[PDB]
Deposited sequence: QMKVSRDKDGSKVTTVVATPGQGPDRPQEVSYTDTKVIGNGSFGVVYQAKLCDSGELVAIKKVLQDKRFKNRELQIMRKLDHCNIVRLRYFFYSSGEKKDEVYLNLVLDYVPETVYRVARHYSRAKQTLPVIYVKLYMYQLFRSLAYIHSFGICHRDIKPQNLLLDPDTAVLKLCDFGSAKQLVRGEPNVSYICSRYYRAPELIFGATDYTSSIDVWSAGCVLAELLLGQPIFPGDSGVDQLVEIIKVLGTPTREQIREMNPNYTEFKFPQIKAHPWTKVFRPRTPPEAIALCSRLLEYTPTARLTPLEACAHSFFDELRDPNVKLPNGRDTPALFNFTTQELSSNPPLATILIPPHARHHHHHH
């Protein structure tokens, strides 16, 4: 479809709204410029003509060789820590005759990665209140997508959008996400380096949603250290880094990750205590949280909802907590029945008494 006009160049398409039944409407935008780039996405910024609001437009080739679940997964998602899909449409694009999907998302200016990179260049540590706020909101988005059976499979600091004025975090980049069905196998070399769970590095095809929890544990540890905790160009390199921290996995832990490795005689490396991994001033509660996330056995990792109930986030449940810029914290306690379905009795902890209003 598409068309050009003048207001600045105005683009008009017939786009389908992200929510509700399929009822496309004319949508006009202007002020187009290329902003972000990923391994698959090419994100434009634009300004909607009606409301003046800023949006991001991820334009992705619709490769029919691969499973393109991204639109179908995003359409069912509505949560305050997941970037909203306002509209989508199809356009002819640039590759002669080819099919390009356009996702019109809420525009969010920063990522956890770019914020953490400022502190590393300045040799400061990200203040712990932000580690708490950012990690808490991440786990809350994971509890939401996992309650639908959906695994993100690309959790990493570049995929976490921040509005740093409000400290609101939004998960994005669902182009690797999948609805994991037990008994059906999954492609194994998924997730980005530094954030791959050990069962994935061992080539497991029968993994679960808890790979996202391992990835979240790597983000947390990175935020606390100021650099990735398991760097490495290859799978062996990263597994060495994991083993130099957690120790050599037992035979039973190897069986939980991938039974095809249980008969090899790996050298037994002693674990490095978590208190020595991190800086001497690191809060003990963050270390305890990190050690219950970065676990070899996938069923022994915290679920995302259980992570939100952790004592590390206790300061967020104070009525008197304020952000460093003076504004109050974002909404943290408006849990639905859907995202509590994992374990409903955690509402006793997760909604503190001053927020039942």
| query | finding |
| --- | --- |
| Deposited positions lacking CA coordinates | 8-10, 361-365 |
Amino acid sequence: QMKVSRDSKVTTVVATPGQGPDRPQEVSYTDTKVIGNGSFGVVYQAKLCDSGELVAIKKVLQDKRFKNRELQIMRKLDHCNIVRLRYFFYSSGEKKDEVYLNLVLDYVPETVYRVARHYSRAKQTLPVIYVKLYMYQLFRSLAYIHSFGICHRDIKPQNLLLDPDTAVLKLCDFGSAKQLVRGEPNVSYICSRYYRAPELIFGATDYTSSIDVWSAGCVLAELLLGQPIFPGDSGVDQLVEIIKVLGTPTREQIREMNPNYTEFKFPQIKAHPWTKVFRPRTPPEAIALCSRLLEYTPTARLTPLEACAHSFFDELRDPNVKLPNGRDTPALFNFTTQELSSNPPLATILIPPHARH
From here on, numbers count along this sequence of modelled residues.
item	value
138-146 versus 93-101 - greater average Cα B-factor per the deposited record	93-101
Segment of higher mean CA temperature factor, 152-160 or 71-79	71-79
Options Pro280, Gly232, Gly247, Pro228 - largest CA temperature factor per the record	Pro280
Where the record places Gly52 (Cα B-factor, split into thirds across the chain)	highest
CA B-factor ranking of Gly36, expressed as a third of its chain	middle
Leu302 - Cα temperature factor, lowest/middle/highest third of chain	middle
Where the record places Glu295 (Cα B-factor, split into thirds across the chain)	lowest
Position of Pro198 among the chain's modelled residues by C-alpha B-factor, lowest, middle or highest third	lowest
